[PDB]
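J.: One structure coming up, written as structure tokens, with questions to follow.
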Amino acid sequence: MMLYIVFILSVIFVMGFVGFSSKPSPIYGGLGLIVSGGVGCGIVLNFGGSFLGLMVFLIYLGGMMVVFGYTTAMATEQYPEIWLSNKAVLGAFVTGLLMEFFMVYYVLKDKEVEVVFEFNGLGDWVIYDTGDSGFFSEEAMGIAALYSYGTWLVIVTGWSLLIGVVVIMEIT
Amino acid sequence: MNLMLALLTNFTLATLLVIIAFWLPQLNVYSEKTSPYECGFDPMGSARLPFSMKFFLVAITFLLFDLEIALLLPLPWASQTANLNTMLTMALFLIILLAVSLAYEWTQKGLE
Amino acid sequence: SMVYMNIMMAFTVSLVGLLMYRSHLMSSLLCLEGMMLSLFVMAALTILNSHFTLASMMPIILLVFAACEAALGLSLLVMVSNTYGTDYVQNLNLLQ
Amino acid sequence: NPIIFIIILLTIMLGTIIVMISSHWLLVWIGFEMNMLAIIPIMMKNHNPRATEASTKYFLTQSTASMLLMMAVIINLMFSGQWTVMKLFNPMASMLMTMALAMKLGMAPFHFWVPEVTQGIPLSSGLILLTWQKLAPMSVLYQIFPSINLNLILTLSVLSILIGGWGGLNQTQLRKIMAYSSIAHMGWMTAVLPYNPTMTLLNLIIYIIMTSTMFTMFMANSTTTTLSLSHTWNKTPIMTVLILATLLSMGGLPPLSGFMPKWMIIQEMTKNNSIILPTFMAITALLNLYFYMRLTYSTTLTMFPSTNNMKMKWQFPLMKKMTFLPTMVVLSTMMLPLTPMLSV
Amino acid sequence: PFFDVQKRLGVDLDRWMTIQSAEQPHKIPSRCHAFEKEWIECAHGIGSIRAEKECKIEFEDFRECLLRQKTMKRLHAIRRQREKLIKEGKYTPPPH
Amino acid sequence: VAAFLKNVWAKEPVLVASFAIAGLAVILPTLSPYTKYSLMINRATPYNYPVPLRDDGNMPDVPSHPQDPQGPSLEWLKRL
Amino acid sequence: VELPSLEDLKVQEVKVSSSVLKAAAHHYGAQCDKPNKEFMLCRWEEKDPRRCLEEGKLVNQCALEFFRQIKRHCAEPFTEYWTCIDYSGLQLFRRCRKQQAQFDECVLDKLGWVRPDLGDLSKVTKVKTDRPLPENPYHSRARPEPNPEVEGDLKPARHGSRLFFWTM
Amino acid sequence: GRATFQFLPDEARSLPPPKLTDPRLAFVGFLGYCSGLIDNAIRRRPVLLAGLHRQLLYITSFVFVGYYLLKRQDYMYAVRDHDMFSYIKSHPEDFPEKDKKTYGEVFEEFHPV
């Protein structure tokens, strides 16, 4: 509801990484990505481009995050545990947790302190900064995906994936 | 500003009914045998989860067929366009580039 | 603005001590796929306000390799557990 | 298996062309991305549990060394938005550029990429294919060249031969002895790159030739230095004379043509009133020669051919393009008044 | 080394998605389109070693078009010009 | 070979139906004159705004009044 | 920068809604054609919309008279026309296609206008030489000067390769 | 330096060309003459005057290629001096005319043993 709805999302996204950047027993590692992947998509679903955000659910969070959890059963199937119930996990959680607030603490909460830490201020409504409006074409972001001009791009990325199967049709 | 209050209603009604159904009669005053009988019909089962090869290749194969439908995804947006001989002949390429990746793997699948 | 510092602080999910260590190597391959969306987002915030109109096809193509890359890397991590059963990065035989 | 072995092998050099044919940082990202995709099968072929535990030590070292490069692109995307391959407009980007790319060519930091892979791959046959991955990023440092900090590119290169030199006197395994002195010959060329970036390629074309002809000599049986004894009086005594000639050529002695680079490369390093810089390195590659002497003291002095085993049969391997390698890798020192006007 | 095949034979492999003012499929420019076309006009036949110290005016404003560095500082200091004098009058302007 | 298109269609008529639709799809855009009208319709749909020009010597055509017989033939669609 | 005053603002503003503006809207643009098309040259062909404020009122003042004419002559079928099209959802044009001719029963006849079917919104026109042609655009500061060239004559090496000793 | 991506450009016509019986072209292929003798010596021939058809076409290779290689070597020095002399010709302020002074001007050291 506030003007600060973007900044209040990204701190969760920063704390999403510190969830799995330390050592959480790789089934809660899935609960670090799906949290961050949605919260990160909460940022991208502003600014106009909604098609580019909704694909991050389908192809990343829908595709790779099943297979990343479709393993950790066929391998690494030891007796599971939870993070923060040990001593090596909590000792690294707090280390960036202060700086997750301390960077916020003086970037602009002082007036201007002093020369080097005041060039980039928090807020205000110039985060989007896109006025004025446009036309009835698209966002856009809408007329951007092209089987026009880029043909050398697609003819590689189509063909790079075709050898992607043939490398994995072997060793396994 | 309701999108975002269109779902936080739906999840706080979801987490409401869980704790009321589960956790509230979990504090009841019955005898509540805590003995290790709670597992059904596979009593001990003193083993680790064994690897199964034919249930790993199903994960990777899907992932490489999942990518190039997102390349294939902006085909309806590629209709109202300029030069369209390019647009047709490039759209037919990726599908065949998906089709050959079948036929090579199709000579060896296994009991999937 | 501050929407770039967070997230440039969040690019330090590499951090190299936890990019190959310690054991359960799946924990290290985790942040290799999670180092993306700190590049997929940090590109997407810049192409979109500054209306480039053409470079926004590049964040679509940024996933397509890194998915196929990590899928290849996950194939070999079965092969380290196909021979053992445990990944355990403190496996070392070929010295240097 | 046979036809698909070419299509894997063909696209390795197709990955590195797009690195060179590009005006756009996105395409040079794809270029040696798919090289890191299409090397992993060649590591495997006979499926031995060191090889699987070697390519995975190869793999993620070239995943991060990939990944920092795309970080370096998106920084100067924010600054002026041009994506041509040129100077990078930001010292926080170029610093993150050069010592990211220093892992794929591996310099003296980013250390054990070079011995821990090349040792013990049961495919010792080749693994001449580790000359493309020394060739792709050098084609990237030809353009980025007028934007560096001039201290980092030397400090990775002054450490290069001082630690690629010492590392292998303590060895027997001749793949490691080829893996070492492959950081050293990456030390001579990037010490020069800020000063006249051609007469760098002269060192590289020489380095492809002299190293490719070393592996082809090795493909009779040779594994270890003790095995390098037992083929003088058994396989062919002309092999012992040939394996002497290339090593003494690759040490840089002026009757042969591995002295062709240095002789020319000091013509550029001084002429720029920098004298204490070459005098350190020129005296440093001297104990890069005590690999080669004490290797030539094995095969060329009849050191104990015991365990009587007769090879009463002929040899039929494929020594492809071998008859013309030690005739341009030894005898060319008179015949190059200008190789650096063809390549320039 | 930079072979430059695509200058000999006239195909554009890429060349179109490079700079901020190239094609624009339905002709919608960027926010700093006016300074791209002006700055590229400066250094064309110039060999870029004298362009770093001669042109230097058409590049600097273009850097400051894109990030708005001092425009946001001249704006931020007006929040400290006033707004300690919240209680000392001068609402300025009255609504609307 | 003429039995091969009838003695595999007694065994697996599954992929045969796929090739029959894979074929006769690439072939037809080179055939009917309905195409290139698909590019002719798609060219005269105005998205942006028509900026005007200036008189300087020429005066080729198309004066200030738009409803004069001035511009090209895109009015065959209303008759279509 | 310097701006015009608070005067040359506050003109007679068309205070109508969205659908009643889109009601006629079609007969509107295709028959005024003097102030508005020339105003585009005043905006496209020269930029900086701080210079171009006259013809911003020429398009506005004539539009004030366009609705003033339609109120006096025929407003009984007009008000019911944008009534039905304001029955909302995308403002389609195929719903009130029946009731469109009851509005246009006399617009072609009473006050005498025309139906610009599809020839409008294309067909780039000319206007007249109205303002002096704005040469010397927004800055157009300097080139600057290039490097002079060499044509000369190609004669071979002066004494041969000049490297260390290396005669020929 | 213009007209990019040629093996040797069009403007190399007015260069001599480097005609034959030059000792480099005798030497290029003399090493190939040595190389074909090695080609027998690797394989336990045991001839050292073996099949001449293998011992020929090495001579043909190096001499043809080495000739076609040397046409740009003499070009690149010819284009080197061509651009230097022009920059000598313009900017006389960077190229002064020194004074001619004989040995009646110099009083050198003088250091005898």
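Residues are referred to by chain and number: the chain letter is A, B, ... according to the order shown in the structure tokens, the number counts from 1 in that chain, and ligands are numbered separately from 1 in the order shown.
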Counting only C-alpha atoms, a student should be able to say which residues of chain E come within 9 Å of chain H; what is the right answer, written as a PyMOL selection string?

T.: chain E and resi 3-5+7-8

J.: Write out the residues from the selection above, keeping C-alpha atoms, as a tab-separated table (two decimals), in the first residue's frame.

T.:
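File produced: selection.tsv:
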```tsv
chain	number	residue	atom	x	y	z
E	3	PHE	CA	38.62	-11.96	-37.97
E	4	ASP	CA	35.55	-9.82	-38.89
E	5	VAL	CA	33.95	-12.09	-41.46
E	7	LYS	CA	32.25	-7.02	-42.76
E	8	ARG	CA	33.43	-8.86	-45.88
```

J.: Can you pull out every residue within 10 Å of region 21-29 of chain H, counting only C-alpha atoms, but drop anything in the same chain fewer than 4 positions away, and send it as a PyMOL selection string?

T.: (chain D and resi 327-328+332+334-336) or (chain G and resi 168) or (chain H and resi 33-36+58-67+70)

J.: Name the closest residue to residue 36 (chain C) among the candidates A:75, A:43, A:126, A:61; distances are taken between atoms, counting only C-alpha atoms.

T.: A:61

J.: Using only C-alpha atoms, what table do you get, as a tab-separated table, when you list each residue of chain F with an atom no more than 12 Å from chain A, its nearest pair of atoms, and their distance in Å rounded to one decimal, rows by chain then rising number?

T.:
```
residue	atom	partner	partner_atom	distance
F:45	CA	A:137	CA	11.8
F:46	CA	A:137	CA	10.3
F:47	CA	A:137	CA	6.7
F:48	CA	A:137	CA	8.2
F:49	CA	A:135	CA	10.1
```

J.: Write a file of the just-selected residues containing N, CA and C atoms, as a PDB file, in the first residue's frame.

T.:
```
ATOM      1  N   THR F  45      -1.947  -2.165 -41.503  1.00  0.00           N
ATOM      2  CA  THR F  45      -2.623  -1.959 -40.228  1.00  0.00           C
ATOM      3  C   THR F  45      -1.850  -0.907 -39.451  1.00  0.00           C
ATOM      4  N   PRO F  46      -2.345   0.323 -39.337  1.00  0.00           N
ATOM      5  CA  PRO F  46      -1.531   1.381 -38.725  1.00  0.00           C
ATOM      6  C   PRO F  46      -1.490   1.258 -37.207  1.00  0.00           C
ATOM      7  N   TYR F  47      -0.282   1.068 -36.677  1.00  0.00           N
ATOM      8  CA  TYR F  47      -0.040   1.189 -35.247  1.00  0.00           C
ATOM      9  C   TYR F  47       0.257   2.629 -34.860  1.00  0.00           C
ATOM     10  N   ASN F  48       1.297   3.204 -35.448  1.00  0.00           N
ATOM     11  CA  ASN F  48       1.817   4.494 -35.027  1.00  0.00           C
ATOM     12  C   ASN F  48       1.016   5.617 -35.675  1.00  0.00           C
ATOM     13  N   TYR F  49       1.502   6.845 -35.547  1.00  0.00           N
ATOM     14  CA  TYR F  49       0.795   7.975 -36.107  1.00  0.00           C
ATOM     15  C   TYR F  49       1.428   8.398 -37.425  1.00  0.00           C
TER      16      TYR F  49
END
```

J.: What is the distance between CA of residue 128 (chain A) and CA of residue 47 (chain A), in Å to one decimal?

T.: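 Taking CA of residue 128 (chain A) and CA of residue 47 (chain A), their separation equals 6.4 Å.
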
J.: Tell me the residues of chain A close to chain C, meaning within 6 Å using only C-alpha atoms, as a PyMOL selection string.

T.: chain A and resi 14+21+26+76+120+122+144-145

J.: Would you kindly return, as a list in words, each protein, DNA or RNA residue with an atom no farther than 7 Å from any atom of region 71-87 of chain B, considering only C-alpha atoms and excluding same-chain residues fewer than 5 positions away?

T.: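 Here the qualifying residues turn out to be residues 145, 146, 147 and 148 of chain A; 39, 42 and 43 of chain F.
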
J.: Tell me which protein, DNA and RNA residues are within 10 Å of region 341-343 of chain D, counting only C-alpha atoms, leaving out same-chain ones fewer than 5 positions away, and put them as a PyMOL selection string.

T.: (chain D and resi 198-199+201-202+205+336) or (chain G and resi 161) or (chain H and resi 7-8+69-77+80)

J.: Could those residues be written to a file, using C-alpha atoms, as a PDB file, in the first residue's frame?

T.:
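Output (again.pdb):
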```
ATOM      1  CA  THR D 198      50.883  -8.327 -31.689  1.00  0.00           C
ATOM      2  CA  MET D 199      54.114 -10.204 -31.201  1.00  0.00           C
ATOM      3  CA  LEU D 201      50.410 -14.193 -31.391  1.00  0.00           C
ATOM      4  CA  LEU D 202      53.923 -15.124 -32.497  1.00  0.00           C
ATOM      5  CA  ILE D 205      51.431 -20.075 -32.889  1.00  0.00           C
ATOM      6  CA  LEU D 336      61.587 -16.009 -40.177  1.00  0.00           C
TER       7      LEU D 336
ATOM      8  CA  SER G 161      63.198  -5.795 -43.719  1.00  0.00           C
TER       9      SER G 161
ATOM     10  CA  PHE H   7      44.899 -12.552 -47.401  1.00  0.00           C
ATOM     11  CA  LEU H   8      46.673  -9.957 -49.529  1.00  0.00           C
ATOM     12  CA  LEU H  69      53.118 -16.519 -48.315  1.00  0.00           C
ATOM     13  CA  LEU H  70      55.964 -14.130 -49.117  1.00  0.00           C
ATOM     14  CA  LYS H  71      53.880 -11.856 -51.320  1.00  0.00           C
ATOM     15  CA  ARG H  72      52.299 -10.271 -48.229  1.00  0.00           C
ATOM     16  CA  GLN H  73      55.523 -10.107 -46.199  1.00  0.00           C
ATOM     17  CA  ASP H  74      57.021  -7.722 -48.715  1.00  0.00           C
ATOM     18  CA  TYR H  75      53.677  -5.927 -48.835  1.00  0.00           C
ATOM     19  CA  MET H  76      53.517  -5.301 -45.101  1.00  0.00           C
ATOM     20  CA  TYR H  77      56.869  -3.557 -44.942  1.00  0.00           C
ATOM     21  CA  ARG H  80      54.742   0.231 -43.167  1.00  0.00           C
TER      22      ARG H  80
END
```

J.: Which residue, C:32, C:62, C:43, C:20, has the smallest gap to chain B when you use only C-alpha atoms?

T.: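 For chain B, the nearest of the given residues is C:62.
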
J.: To one decimal in Å, tell me the separation between CA of residue 266 (chain D) and CA of residue 253 (chain D).

T.: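 Spanning CA of residue 266 (chain D) to CA of residue 253 (chain D) is a straight-line distance of 15.2 Å.
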
J.: For the interface of chain H with chain G (cut-off 7 Å, counting only C-alpha atoms), please tabulate each contacting residue of chain H alongside its nearest pair of atoms and their separation in Å to one decimal, rows sorted by chain and increasing number, as a Markdown table.

T.:
```
| residue | atom | partner | partner_atom | distance |
| --- | --- | --- | --- | --- |
| H:14 | CA | G:154 | CA | 6.8 |
| H:15 | CA | G:156 | CA | 6.3 |
| H:77 | CA | G:157 | CA | 6.1 |
| H:78 | CA | G:156 | CA | 4.8 |
| H:82 | CA | G:154 | CA | 6.6 |
| H:86 | CA | G:150 | CA | 6.4 |
```
